[PDB]
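Just the one chain here, laid out as structure tokens, in the form deposited in one PDB entry.
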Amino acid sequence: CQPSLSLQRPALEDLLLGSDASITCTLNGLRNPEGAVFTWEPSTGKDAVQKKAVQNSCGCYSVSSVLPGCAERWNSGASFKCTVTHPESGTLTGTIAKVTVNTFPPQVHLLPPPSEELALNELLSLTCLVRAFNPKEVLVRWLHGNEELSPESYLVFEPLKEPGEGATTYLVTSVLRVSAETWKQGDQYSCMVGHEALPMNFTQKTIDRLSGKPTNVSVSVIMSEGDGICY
């Protein structure tokens, strides 16, 4: 219940899919009532809409302070410093610093369903393996070729650090259930990954019944005018 200030990193979905990098300077762990004041260094005119104090079941309060319109600061890596004052916790500072020392882009791998689920013809399980990315926070969604699927239709697990000798990376796996009818009926299902280190922030992968060399491939090649004139 002791004082504890922490700068919450803005939500990735609130940073890539949108354009408001709402930073929060949470002052959690207060046995006493509220009555504090917040202050920021990069005062760009946007007043910090201060939020109320929530009293968790444990019996302590937690205040918050929002900062809108700080997307340019995050993209540029400008550090964010928050200062809060309170009788029980006078001096308290928090620092934000975008990770730009050992960041890596995620590697997406949309795997096809197994061999048994195909024989059942009931439901298929598609997996989107996102690998290699130092920033833990990552965004993952699915689409029915061009229609986005609701989050309640698929699952997204929590990132976990990848073991082994080397740099620090994370890994996630999202599962999507699909009907065999739409699978055989040539319906493209894609996996969209949103990340900061990526170029344009997004990367897409698609798959269908023709996952790629599925033991049945009818290839053709026609090299016409092979002996013609090559200007």
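Residue indices: 1-based, along the sequence shown. Throughout, rigid core stands for the largest set of C-alpha atoms superposing within 1.5 Å between the two forms.
Another form, the form deposited in another entry, is not on view; read the next lines as being about it.
Asker: Once everything's superposed on the core, is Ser89 shifted 2 Å or more at the Cα between the shown form and the other one?
Answerer: Superposed on the core, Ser89 moves its C-alpha 2 Å or more between the shown form and the other one.
Asker: In the other form, the Cα separation between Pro87 and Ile23 changes by 3 Å or more relative to the shown form; did it shrink or grow?
Answerer: Closer in the other form, by 3 Å or more.
Asker: With a shift of at least 3 angstroms, figure out whether the C-alpha spacing between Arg209 and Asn216 grows or shrinks in the other form: closer or farther?
Answerer: Farther: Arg209 and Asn216 separate by 3 Å or more in the other form.
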